[PDB]
Every structure is written in structure tokens, then in C-alpha cells.
$ cat start32.txt   # compact mmCIF, C-alpha atoms and all ligand atoms
# COMPACT_ATOMS: atom_id res chain seq x y z
CA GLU I 2 65.66 15.10 -9.26
CA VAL I 3 67.38 11.70 -9.63
CA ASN I 4 66.98 8.82 -7.13
CA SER I 5 64.36 10.82 -5.12
CA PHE I 6 63.48 8.00 -2.72
CA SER I 7 61.02 9.06 -0.04
CA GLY I 8 59.39 7.37 2.90
CA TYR I 9 61.97 4.57 3.22
CA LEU I 10 63.04 3.22 6.59
CA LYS I 11 66.83 2.78 6.88
CA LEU I 12 67.65 -0.75 8.12
CA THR I 13 71.45 -0.71 7.78
CA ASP I 14 74.09 1.74 6.40
CA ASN I 15 73.15 0.70 2.86
CA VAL I 16 69.71 -1.05 2.93
CA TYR I 17 66.37 0.90 3.03
CA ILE I 18 62.80 -0.55 2.84
CA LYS I 19 59.32 0.78 1.98
CA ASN I 20 55.85 -0.78 1.70
CA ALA I 21 55.28 0.22 -1.93
CA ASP I 22 54.61 -1.01 -5.50
CA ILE I 23 58.04 -1.13 -7.35
CA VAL I 24 56.46 0.19 -10.61
CA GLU I 25 54.89 3.18 -8.89
CA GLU I 26 58.20 3.86 -7.12
CA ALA I 27 60.10 3.63 -10.47
CA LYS I 28 57.67 6.18 -11.98
CA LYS I 29 58.00 8.62 -9.07
CA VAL I 30 61.70 8.21 -8.19
CA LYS I 31 63.18 7.91 -11.73
CA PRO I 32 66.11 5.80 -10.41
CA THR I 33 69.40 5.19 -12.23
CA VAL I 34 68.73 1.40 -11.85
CA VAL I 35 65.56 -0.66 -11.24
CA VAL I 36 66.09 -4.34 -10.54
CA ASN I 37 63.82 -6.87 -12.26
CA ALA I 38 63.18 -10.29 -10.59
CA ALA I 39 63.82 -12.12 -13.86
CA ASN I 40 64.03 -15.73 -15.05
CA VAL I 41 66.84 -17.18 -17.27
CA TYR I 42 64.94 -16.57 -20.58
CA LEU I 43 63.91 -13.01 -19.70
CA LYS I 44 60.22 -13.84 -20.31
CA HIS I 45 58.27 -11.35 -18.16
CA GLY I 46 54.92 -13.17 -17.80
CA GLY I 47 53.78 -12.11 -14.35
CA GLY I 48 54.62 -10.81 -10.91
CA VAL I 49 57.27 -8.09 -10.67
CA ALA I 50 58.62 -8.82 -14.19
CA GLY I 51 55.15 -8.71 -15.84
CA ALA I 52 54.35 -5.44 -14.00
CA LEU I 53 57.59 -3.68 -15.01
CA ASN I 54 57.16 -4.94 -18.64
CA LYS I 55 53.55 -3.67 -18.82
CA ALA I 56 54.63 -0.16 -17.62
CA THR I 57 57.09 0.04 -20.60
CA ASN I 58 54.19 -1.15 -22.92
CA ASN I 59 56.17 -4.26 -23.88
CA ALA I 60 59.44 -2.39 -24.81
CA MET I 61 61.25 -4.35 -22.06
CA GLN I 62 60.12 -7.67 -23.55
CA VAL I 63 61.20 -6.78 -27.13
CA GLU I 64 64.67 -5.72 -25.94
CA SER I 65 64.91 -8.82 -23.69
CA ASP I 66 64.08 -11.09 -26.68
CA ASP I 67 66.90 -9.42 -28.68
CA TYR I 68 69.32 -9.93 -25.73
CA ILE I 69 68.46 -13.66 -25.57
CA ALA I 70 68.81 -14.07 -29.36
CA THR I 71 72.40 -12.68 -29.37
CA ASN I 72 73.67 -13.87 -25.96
CA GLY I 73 71.67 -16.91 -24.92
CA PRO I 74 69.96 -17.36 -21.53
CA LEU I 75 71.30 -16.22 -18.20
CA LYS I 76 72.27 -18.66 -15.46
CA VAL I 77 70.49 -18.84 -12.06
CA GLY I 78 72.38 -16.36 -9.83
CA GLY I 79 73.31 -14.28 -12.94
CA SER I 80 72.32 -10.94 -14.44
CA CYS I 81 72.36 -8.56 -17.35
CA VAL I 82 72.05 -4.77 -17.69
CA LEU I 83 69.49 -3.51 -20.22
CA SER I 84 67.63 -0.22 -20.84
CA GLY I 85 65.28 0.96 -18.07
CA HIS I 86 63.05 2.59 -20.76
CA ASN I 87 60.57 5.04 -19.12
CA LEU I 88 61.04 3.54 -15.64
CA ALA I 89 64.79 4.04 -15.00
CA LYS I 90 68.10 4.74 -16.85
CA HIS I 91 68.91 0.97 -16.68
CA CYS I 92 67.20 -2.26 -15.71
CA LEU I 93 69.30 -4.85 -13.94
CA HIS I 94 67.69 -8.22 -14.69
CA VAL I 95 68.64 -10.61 -11.86
CA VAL I 96 67.83 -14.28 -11.64
CA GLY I 97 67.27 -15.56 -8.10
CA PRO I 98 66.63 -19.29 -7.49
CA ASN I 99 63.00 -20.44 -7.72
CA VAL I 100 62.83 -22.83 -4.74
CA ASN I 101 59.16 -23.68 -5.65
CA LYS I 102 60.64 -25.17 -8.91
CA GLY I 103 63.48 -26.94 -7.05
CA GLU I 104 66.42 -24.51 -7.59
CA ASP I 105 69.09 -24.20 -4.83
CA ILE I 106 68.76 -21.44 -2.19
CA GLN I 107 72.67 -21.15 -2.21
CA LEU I 108 72.42 -19.15 -5.47
CA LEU I 109 70.49 -16.33 -3.74
CA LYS I 110 73.82 -14.87 -2.45
CA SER I 111 75.14 -14.94 -6.09
CA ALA I 112 71.96 -13.17 -7.25
CA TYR I 113 72.35 -10.30 -4.72
CA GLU I 114 76.08 -10.01 -5.54
CA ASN I 115 75.07 -8.51 -8.94
CA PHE I 116 73.64 -5.43 -7.17
CA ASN I 117 77.23 -4.47 -6.12
CA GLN I 118 78.13 -3.22 -9.66
CA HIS I 119 75.62 -0.26 -9.26
CA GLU I 120 75.91 2.57 -6.71
CA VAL I 121 72.13 2.98 -6.13
CA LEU I 122 69.26 0.57 -7.00
CA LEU I 123 65.47 0.31 -6.55
CA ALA I 124 64.78 -3.41 -6.09
CA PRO I 125 62.32 -6.13 -5.13
CA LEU I 126 63.05 -8.84 -2.47
CA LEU I 127 64.68 -11.58 -4.60
CA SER I 128 63.14 -15.04 -4.81
CA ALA I 129 60.16 -13.98 -2.58
CA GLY I 130 56.45 -14.33 -3.68
CA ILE I 131 55.88 -17.09 -6.25
CA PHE I 132 59.63 -18.05 -6.36
CA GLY I 133 59.02 -19.57 -2.86
CA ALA I 134 62.04 -18.51 -0.76
CA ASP I 135 61.47 -17.42 2.87
CA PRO I 136 61.23 -13.59 2.44
CA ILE I 137 62.88 -12.97 5.84
CA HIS I 138 65.89 -15.14 4.82
CA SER I 139 66.05 -13.23 1.49
CA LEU I 140 66.28 -9.91 3.42
CA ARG I 141 69.10 -11.36 5.59
CA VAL I 142 71.01 -12.42 2.41
CA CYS I 143 70.48 -8.93 0.98
CA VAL I 144 71.78 -7.24 4.13
CA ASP I 145 74.87 -9.53 4.31
CA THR I 146 75.69 -9.33 0.60
CA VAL I 147 74.82 -5.96 -0.84
CA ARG I 148 77.40 -3.22 -0.14
CA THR I 149 76.05 -0.50 -2.46
CA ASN I 150 72.84 1.52 -1.66
CA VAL I 151 69.65 -0.55 -2.15
CA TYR I 152 66.05 0.68 -1.69
CA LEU I 153 63.71 -2.36 -1.44
CA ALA I 154 60.03 -1.86 -2.38
CA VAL I 155 57.87 -4.60 -0.76
CA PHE I 156 54.19 -4.30 -1.75
CA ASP I 157 52.48 -6.12 1.13
CA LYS I 158 52.07 -4.31 4.45
CA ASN I 159 51.76 -7.65 6.33
CA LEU I 160 55.13 -8.82 4.96
CA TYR I 161 56.75 -5.38 5.38
CA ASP I 162 55.78 -5.38 9.10
CA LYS I 163 57.19 -8.90 9.61
CA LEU I 164 60.45 -7.87 7.88
CA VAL I 165 60.84 -4.69 9.96
CA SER I 166 59.99 -6.63 13.16
CA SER I 167 62.56 -9.37 12.37
CA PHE I 168 65.24 -6.82 11.55
CA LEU I 169 64.46 -4.54 14.55
CA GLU I 170 65.73 -1.34 12.84
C1 LIG T 201 50.43 -5.08 -7.68
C2 LIG T 201 51.26 -6.06 -6.90
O1 LIG T 201 50.79 -6.71 -5.97
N1 LIG T 201 52.56 -6.20 -7.25
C3 LIG T 201 53.31 -5.50 -8.32
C4 LIG T 201 54.08 -6.66 -8.98
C5 LIG T 201 54.12 -7.80 -7.92
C6 LIG T 201 53.50 -7.17 -6.66
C7 LIG T 201 54.72 -6.46 -6.10
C8 LIG T 201 55.06 -5.13 -6.55
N2 LIG T 201 56.09 -4.42 -6.06
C9 LIG T 201 56.81 -5.04 -5.14
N3 LIG T 201 56.64 -6.27 -4.63
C10 LIG T 201 55.60 -6.98 -5.11
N4 LIG T 201 55.38 -8.21 -4.60
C11 LIG T 201 56.33 -8.94 -3.76
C12 LIG T 201 57.30 -9.78 -4.56
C13 LIG T 201 58.67 -9.73 -4.36
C14 LIG T 201 59.54 -10.50 -5.12
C15 LIG T 201 59.08 -11.36 -6.11
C16 LIG T 201 57.69 -11.39 -6.32
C17 LIG T 201 56.82 -10.62 -5.57
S1 LIG T 201 56.91 -12.37 -7.51
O2 LIG T 201 56.59 -11.53 -8.64
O3 LIG T 201 55.83 -13.08 -6.88
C18 LIG T 201 58.18 -13.50 -7.96
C19 LIG T 201 59.51 -12.77 -8.18
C20 LIG T 201 60.06 -12.23 -6.87
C21 LIG T 201 55.55 -9.76 -2.71
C22 LIG T 201 56.47 -10.60 -1.84
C23 LIG T 201 54.68 -8.85 -1.83
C24 LIG T 201 54.26 -4.50 -7.66
$ encode --input "start32.txt" --output "C-alpha cells"
Amino acid sequence: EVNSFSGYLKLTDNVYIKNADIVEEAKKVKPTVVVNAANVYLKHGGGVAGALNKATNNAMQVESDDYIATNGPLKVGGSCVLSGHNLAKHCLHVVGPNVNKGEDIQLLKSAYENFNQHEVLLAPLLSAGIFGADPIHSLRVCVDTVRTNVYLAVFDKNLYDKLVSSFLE
């Protein structure tokens, strides 16, 4: 079955959240789209990007290198649609701002706007973790920006509980 999301808690009409590893969810669910928390050169060296790349056994990286060769880098707030390989039908590579490297938090709304071109997505919390944005603020931006159906996988129970407590739904 496609998009077989299970165990999510519905926060709003179109945003759901689960304490889970996004790669494990991609393998179980088989979604139409998995979102990658990418950088502008599509180099998947660690974190969510490294984990998704490793589960495709480097097929994501080879295809990403070919995208960059022909099209050039993305911009912060921008995206591209590539194959999802064995994890999903497509991978939506989205570049949120890295506030730990000085990029502007205003581009986080632009980053989430890319999700609106896909009816259903499995995604991570953009710009959270090593990108340095306040994860609770990133969830508020997601809720206010995304209008399609988004299932967020957040792999830290401590953070998940703080997000659910802040949201109160
Ligand atoms: C095994 C493991 O701990 N994980 C893998 C890959 C990373 C971690 C993980 C997995 N699935 C979902 N959220 C995860 N981490 C969250 C998260 C959310 C967004 C971002 C990152 C991290 S990042 O990679 O640090 C920078 C890009 C944006 C974290 C906040 C708990 C699966």
C-alpha cells in the first residue's frame, strides 16, 4: 500500500508528527515523496541527507552530482525533484537556511513553500539539528506555510515531546 503512514499524531488538518527515523519510515511507508534536508550543492555528507544517501547505497549522491553538473547549485530556500530510488517514488531536495553558518531565518518560509507542489510528503523538520534553527519555530513555519499533507518524522523523543507540548494538539 502507498503512503501507509502509521502512528502519527495529527496536529492540524494537514500536518502529522511521529517520533521516528525518516529512513526507517521511508522503508516502511514507501511514500510518493520523501523530503531531504539538503544543502545548495546536494552533497549529502551527514545528518538526514547522509542517512538517506546511505540507504540508497550512494545512488542519491551520483544522481545529485549529475543534477548539479547540468543545472548548477540550488539557492537557499529552493528545491529540486529527483528520484527517490528505493526509498520513495521521488525525493524533494529542499534547502533551508543554516543559521549556524549565518544564513537568514526568513528563507525558512520559502523552503517550506516547496512542499506545496506535492500532495503527500514524508519530511524532516527543516533547518533543525546542526542547521541551528529553533525547532519549535521551524514547526510553526511548517504549520503556517504547508497546505498539502505533510508527515514529519522527528527522531528524538525529547524534542518530539517539546514540539507536541508547544503545539497542544
Ligand atoms: C539516526 C539519527 O539520529 N538520525 C537519522 C538522520 C538524522 C537523525 C534523524 C533521523 N530522522 C529524523 N530526524 C533526525 N534528526 C533530526 C533532524 C531534523 C532536521 C535536520 C537534522 C536533524 S540534521 O541532519 O542535523 C541537519 C538538517 C536538518 C533531529 C532534530 C532530531 C534519522
$ residues_around --input "start32.txt" --residues "residue I:28" --least-positions-apart "2" --cutoff "10 Å" --atoms "all atoms listed in the file" --output "number ranges by chain"
I: 23-26, 30-32, 56, 87-89
$ write_last_selection --input "start32.txt" --atoms "C-alpha atoms" --output "PDB file, keeping the file's coordinate frame"
ATOM      1  CA  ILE I  23      58.040  -1.130  -7.350  1.00  0.00           C
ATOM      2  CA  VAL I  24      56.460   0.190 -10.610  1.00  0.00           C
ATOM      3  CA  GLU I  25      54.890   3.180  -8.890  1.00  0.00           C
ATOM      4  CA  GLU I  26      58.200   3.860  -7.120  1.00  0.00           C
ATOM      5  CA  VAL I  30      61.700   8.210  -8.190  1.00  0.00           C
ATOM      6  CA  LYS I  31      63.180   7.910 -11.730  1.00  0.00           C
ATOM      7  CA  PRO I  32      66.110   5.800 -10.410  1.00  0.00           C
ATOM      8  CA  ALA I  56      54.630  -0.160 -17.620  1.00  0.00           C
ATOM      9  CA  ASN I  87      60.570   5.040 -19.120  1.00  0.00           C
ATOM     10  CA  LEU I  88      61.040   3.540 -15.640  1.00  0.00           C
ATOM     11  CA  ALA I  89      64.790   4.040 -15.000  1.00  0.00           C
TER      12      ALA I  89
END
$ atom_distance --input "start32.txt" --atom1 "atom CA of residue I:74" --atom2 "atom CA of residue I:50"
16.0 Å
$ residues_near_ligand --input "start32.txt" --ligand "ligand LIG 201 (chain T)" --cutoff "6 Å" --atoms "all atoms listed in the file" --output "list in words"
residues 22, 23, 24, 38, 48, 49, 52, 125, 126, 127, 128, 129, 130, 131, 132, 154, 155, 156 and 157 of chain I
$ residues_around --input "start32.txt" --residues "stretch 139-149 of chain I" --least-positions-apart "4" --cutoff "8 Å" --atoms "only C-alpha atoms" --output "VMD selection string"
chain I and resid 13 15 to 16 109 to 110 113 to 114 116 to 121 126 to 129 134 to 135 164
$ write_last_selection --input "start32.txt" --atoms "C-alpha atoms" --output "short mmCIF file (atom, residue, chain, number, x, y, z; two decimals), in the frame of the given file"
data_model
loop_
_atom_site.label_atom_id
_atom_site.label_comp_id
_atom_site.auth_asym_id
_atom_site.auth_seq_id
_atom_site.Cartn_x
_atom_site.Cartn_y
_atom_site.Cartn_z
CA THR I 13 71.45 -0.71 7.78
CA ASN I 15 73.15 0.70 2.86
CA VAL I 16 69.71 -1.05 2.93
CA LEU I 109 70.49 -16.33 -3.74
CA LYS I 110 73.82 -14.87 -2.45
CA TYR I 113 72.35 -10.30 -4.72
CA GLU I 114 76.08 -10.01 -5.54
CA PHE I 116 73.64 -5.43 -7.17
CA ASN I 117 77.23 -4.47 -6.12
CA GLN I 118 78.13 -3.22 -9.66
CA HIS I 119 75.62 -0.26 -9.26
CA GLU I 120 75.91 2.57 -6.71
CA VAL I 121 72.13 2.98 -6.13
CA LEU I 126 63.05 -8.84 -2.47
CA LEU I 127 64.68 -11.58 -4.60
CA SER I 128 63.14 -15.04 -4.81
CA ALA I 129 60.16 -13.98 -2.58
CA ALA I 134 62.04 -18.51 -0.76
CA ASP I 135 61.47 -17.42 2.87
CA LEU I 164 60.45 -7.87 7.88
#
$ residues_around --input "start32.txt" --residues "residue I:81" --least-positions-apart "3" --cutoff "12 Å" --atoms "only C-alpha atoms" --output "ChimeraX atom specification"
/I:34,36-43,64-65,68-69,72-78,84-85,91-96,112,115-116,118
$ atom_distance --input "start32.txt" --atom1 "atom CA of residue I:123" --atom2 "atom CA of residue I:151"
6.1 Å
